[PDB]
Every structure is written in C-alpha cells, then in structure tokens.
Amino acid sequence: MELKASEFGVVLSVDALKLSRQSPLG
C-alpha cells in the first residue's frame with residue numbers, strides 16, 4: 001500500500017526544480 005501518484009506530480013514538478021538547479025552550478 002504505497003504508489004505515490006497524488007505525490008508523483010509533486011515529483012516531476014520537483015524536476016522543474018532540477019531546473020531550479022538545471023545543472024551542478026559552476
């Protein structure tokens with residue numbers, strides 16, 4: 001009993017925050 005999908009959109013919009021990053025700074 002698990003399968004985070006009411007938190008999987010929290011995930012790929014967190015990936016928009018891997019754009020928050022885009023790429024390991026300098």
# chains A, B, ... in the order shown; residues from 1 in each chain; ligands from 1
>>> select_by_dssp(residues="chain A", states="helix (DSSP H, G or I)", output="PDB file with N, CA, C and O atoms, in the first residue's frame")
ATOM      1  N   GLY A   9       3.223  13.912  -9.132  1.00  0.00           N
ATOM      2  CA  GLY A   9       3.187  15.277  -9.767  1.00  0.00           C
ATOM      3  C   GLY A   9       3.994  16.353  -8.936  1.00  0.00           C
ATOM      4  O   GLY A   9       4.687  17.218  -9.477  1.00  0.00           O
ATOM      5  N   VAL A  10       3.946  16.248  -7.591  1.00  0.00           N
ATOM      6  CA  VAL A  10       4.973  16.805  -6.646  1.00  0.00           C
ATOM      7  C   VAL A  10       6.439  16.440  -7.112  1.00  0.00           C
ATOM      8  O   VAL A  10       7.377  17.219  -6.922  1.00  0.00           O
ATOM      9  N   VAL A  11       6.626  15.256  -7.729  1.00  0.00           N
ATOM     10  CA  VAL A  11       7.956  14.700  -8.135  1.00  0.00           C
ATOM     11  C   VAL A  11       8.494  15.418  -9.426  1.00  0.00           C
ATOM     12  O   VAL A  11       9.583  15.994  -9.453  1.00  0.00           O
ATOM     13  N   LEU A  12       7.752  15.294 -10.551  1.00  0.00           N
ATOM     14  CA  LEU A  12       8.159  15.830 -11.893  1.00  0.00           C
ATOM     15  C   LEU A  12       8.119  17.396 -11.981  1.00  0.00           C
ATOM     16  O   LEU A  12       8.786  18.035 -12.794  1.00  0.00           O
ATOM     17  N   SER A  13       7.224  18.029 -11.176  1.00  0.00           N
ATOM     18  CA  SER A  13       7.293  19.490 -10.843  1.00  0.00           C
ATOM     19  C   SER A  13       8.452  19.879  -9.842  1.00  0.00           C
ATOM     20  O   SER A  13       8.978  20.995  -9.883  1.00  0.00           O
ATOM     21  N   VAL A  14       8.876  18.925  -8.993  1.00  0.00           N
ATOM     22  CA  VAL A  14      10.200  18.994  -8.289  1.00  0.00           C
ATOM     23  C   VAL A  14      11.379  18.909  -9.343  1.00  0.00           C
ATOM     24  O   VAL A  14      12.408  19.559  -9.152  1.00  0.00           O
ATOM     25  N   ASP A  15      11.152  18.181 -10.450  1.00  0.00           N
ATOM     26  CA  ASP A  15      12.129  18.019 -11.578  1.00  0.00           C
ATOM     27  C   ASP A  15      12.301  19.356 -12.404  1.00  0.00           C
ATOM     28  O   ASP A  15      13.390  19.705 -12.852  1.00  0.00           O
ATOM     29  N   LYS A  18      14.757  20.541 -10.469  1.00  0.00           N
ATOM     30  CA  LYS A  18      16.060  20.087 -11.077  1.00  0.00           C
ATOM     31  C   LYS A  18      16.517  21.042 -12.258  1.00  0.00           C
ATOM     32  O   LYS A  18      17.627  20.964 -12.771  1.00  0.00           O
ATOM     33  N   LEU A  19      15.591  21.906 -12.723  1.00  0.00           N
ATOM     34  CA  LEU A  19      15.748  23.224 -13.408  1.00  0.00           C
ATOM     35  C   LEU A  19      15.907  24.429 -12.411  1.00  0.00           C
ATOM     36  O   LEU A  19      16.652  25.391 -12.610  1.00  0.00           O
ATOM     37  N   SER A  20      15.173  24.374 -11.266  1.00  0.00           N
ATOM     38  CA  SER A  20      15.553  25.166 -10.033  1.00  0.00           C
ATOM     39  C   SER A  20      17.144  25.157  -9.897  1.00  0.00           C
ATOM     40  O   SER A  20      17.845  26.112  -9.560  1.00  0.00           O
ATOM     41  N   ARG A  21      17.741  23.997 -10.255  1.00  0.00           N
ATOM     42  CA  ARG A  21      19.179  23.601 -10.409  1.00  0.00           C
ATOM     43  C   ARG A  21      19.682  23.765 -11.900  1.00  0.00           C
ATOM     44  O   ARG A  21      20.612  24.472 -12.286  1.00  0.00           O
TER      45      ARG A  21
END
